[PDB]
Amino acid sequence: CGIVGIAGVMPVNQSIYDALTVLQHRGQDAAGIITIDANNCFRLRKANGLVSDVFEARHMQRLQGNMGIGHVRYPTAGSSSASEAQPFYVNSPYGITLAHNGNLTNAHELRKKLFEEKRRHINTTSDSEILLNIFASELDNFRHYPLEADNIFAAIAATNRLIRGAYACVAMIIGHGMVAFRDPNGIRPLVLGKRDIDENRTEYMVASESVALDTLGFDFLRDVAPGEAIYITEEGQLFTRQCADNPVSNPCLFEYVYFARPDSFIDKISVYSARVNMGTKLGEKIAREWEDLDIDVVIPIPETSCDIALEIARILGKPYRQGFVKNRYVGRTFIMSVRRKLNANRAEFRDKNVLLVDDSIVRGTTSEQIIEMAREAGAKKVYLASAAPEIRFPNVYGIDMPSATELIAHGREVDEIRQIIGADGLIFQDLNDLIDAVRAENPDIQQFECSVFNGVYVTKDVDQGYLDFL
């Protein structure tokens, strides 16, 4: 999922659509935008589909207002993918809407408490409707009107004591403004930016990625700190206050590996640069543990791995060539597999021992089939290098990973995987290597959230119980 929120001094409908389009890689199952018009009323458009399919002119026309949020949803299986989309809304207290990227690990416990204590009905399976409600109930506690920044921060604080997991949220309160907050372990991404229209007017915005500020011409200010909350009034006044008991930066590693765009700077780290670095280290590993290997060229499996493979070729002093081309358009198969996504440039494989480079291997299907494609194009020996370490555990913080059994690496040794996928050789990046590759870009980040690679969940509240429940 991806989120954006603008606190402008002029129409934001187009800007949000535009920010959501550069954040579309984070989710295409559904999209939604909601603003607050001059009458302090919410205007909302949300449906399944791409951003470009969801918002038509009639819809934009209706999304009037100078403050608003948007959300693109990654088809989180389980949560219907045909279920109600975000942003979510509640009429009381005040009027609240919230968009969120992440996942609560105590969602069940939360909806039960909400039902018992507050009588708040949760219509969906989305733990975001849950978050919105916890946050709403905390704001229900205040008497005087309007709430003051502290009240709002106290509510976020109270909320953080209750919910557990990963989350980057942006929300809006009728008659008050916009609030954006981030979980205590700083897992899911969120950045703040601003745009001065003139000497006295300044707009603010937050997004899951810096690309969204970039495309709108907002100047990047900084990442929102772990546990921190930001409250921008309808008058453009900004407030920030730490709302978690023990904030620590454990940014998701996978954002760097695959999930995030290369032109984004998450937690001071350039995704591109980190990615090149993963190349350097992986090249070096191949060079250590595979010195006696005979390959004629390095071939990247587009897109992620394109610059990673180039680096690997540099390190190995071997030639880099584009053997695969990713189809820019993919059509559906009607009820009347990787080949529909990729095409092998025959001339680059014919009678060559090749080293293919991929960002990861989740299930192994793609990898096996890509390898078959190489063999069919004339390749003698086909070796596979994964820019990311083995993926053996599930992510429960907002990256939708297949079931533990679906993970080919799950319970299988590299060789057993190499065999199943039919590669002549298979090599993965060392977790420690990937860490250093990314860490090198900002050494103040000591630890990352790497549950998918090592079964260690920073929130320390995961066991087979939650897993099996899923």
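We number the residues from 1 along the sequence you see. Definition used throughout: the rigid core is the maximal C-alpha set that superposes within 1.5 Å between two forms.
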Which stretch is more displaced from the shown form in 7 other deposited structures of this protein, 139 to 147 or 176 to 184, with RMS over structures and residues of Cα positions after a rigid core fit? 139 to 147
Of 316 to 324 and 222 to 230, which departs more from this form in 7 other deposited structures of this protein by CA RMS after core fitting: 316 to 324
What number of deposited residues lacks coordinates in the span between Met336 and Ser337: none, 1 to 3, 4 to 9, or 10 or more? 4 to 9
Take the C-alpha B-factors listed in the entry for 310 to 318 and for 198 to 206, compute each mean, and give the stretch with the larger one. 310 to 318
Which wins on mean Cα temperature factor, 300 to 308 or 96 to 104? 300 to 308
The residue of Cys450, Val462, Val22, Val12 with the maximal C-alpha B-factor according to the PDB record is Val462
Top Cα B factor in the deposited entry, candidates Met373, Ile163, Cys243, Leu213: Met373
So, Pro262's CA B-factor, relative to its chain, sits in which third? The lowest
Within this chain's modelled residues, let me know which third the CA B factor of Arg418 belongs to: lowest, middle or highest. highest
Here the Cα B-factor of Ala404, set against its chain, lands in the third termed highest
Please place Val354 in the lowest, middle or highest third of its chain by C-alpha B factor as given in the entry. highest
Compare the C-alpha B factor of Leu190 with those of the other modelled residues in its chain, then answer lowest, middle or highest third. lowest
